[PDB]
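Single-letter residue listing:
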Amino acid sequence: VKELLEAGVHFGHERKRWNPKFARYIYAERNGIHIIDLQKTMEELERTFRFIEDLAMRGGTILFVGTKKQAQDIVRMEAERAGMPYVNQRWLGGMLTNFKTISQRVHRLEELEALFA
RNA sequence: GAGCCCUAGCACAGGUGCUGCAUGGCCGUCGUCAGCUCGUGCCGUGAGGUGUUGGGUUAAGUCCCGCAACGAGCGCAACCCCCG
Ligand SMILES: [Mg+2]
Ligand SMILES: [Mg+2]
């Protein structure tokens, strides 16, 4: 239901293209490829989802980010489907640290929206 | 008696005499070449860098694509005149 739904095909990826700080999450090497251990994915999903839940049930807002082409279409769907914002194409330099300045273009976007009709 | 005009005296005028390395103003010139910058972010101990390195395209930093940058300004172009 959980970790049987995950073993679906939704774990193990890379192949000694690894960052060795991620060893605490790794189970073994099946066939040249690192197999991430789901019994510990279990663990972090509970902790992360606890933190997400909390966040939501108090007016919290979560910027979803994923630009790589496998996730592009997923992140937009799920993001619209929660009314949270998403970054999908390029992540622009300073969307956060320069948010003051980048927003000024959201304000331009809507003011150009306003010359549609 | 005030304009006004000559005589002498007083202040002063006059100087195309010097310095264009004391200057203003205006002009030439590189060059109508495609450049030169800024605000915030980010990188760097720092000068500084990114933006404005790359690929394409244009008469052009013109436009596109890309990208720790997102924008903007002086330029380019347009707004002006002539010719068709
Ligand atoms: Mg001079
Ligand atoms: Mg001389």
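Here the residue numbering is sequential from 1 along each chain as its sequence is written and may not follow the entry numbering; residues with no coordinates are omitted from view. Note on labels: chains are lettered from A, ligands numbered from 1, in written order. The chains in this view make up only part of a larger assembly, and the values are for that part alone. Note: side-chain values were computed over all heavy atoms of the structure, leaving out hydrogens and water.

For this entry, the PDB record names X-ray crystallography as the structure determination method and reports a resolution of 2.857 Å.

### As for the pattern of salt bridges
In the sections that follow, a salt bridge refers to a side-chain nitrogen of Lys or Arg positioned within 4 Å of a carboxyl oxygen of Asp or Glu. Here the structure, examined in full by the defined rule, presents five salt bridges. Ionic pairing is found between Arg58 and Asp54, a salt bridge with its closest N-O pair at 3.6 Å. Each residue's exposure class comes from its accessible area (1.4 Å probe, protein chains only) as a fraction of the maximum for that residue type: buried when under 20%, exposed when over 50%, partly exposed otherwise. The exposure class of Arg58 is exposed, given its relative accessible area of 63%.

### Things to note about the pairing of strand β2 (residues 33-36)
Strand pairing requires that DSSP identify at least two bridges connecting the strands. Labels follow the DSSP assignment, with helices taken as runs of H or I lasting at least four residues and strands as runs of E lasting at least two, numbered in each case from the N terminus. The sheet contact formed by strand β1 (residues 26-30) and β2 spans four bridges and is antiparallel. Along β2, the bridge assignment pairs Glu29 with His34. Hairpin geometry of β1 and β2 is characterised by an intervening segment of two residues between the two adjacent antiparallel strands and by a positive phi of about 60 degrees at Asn31.

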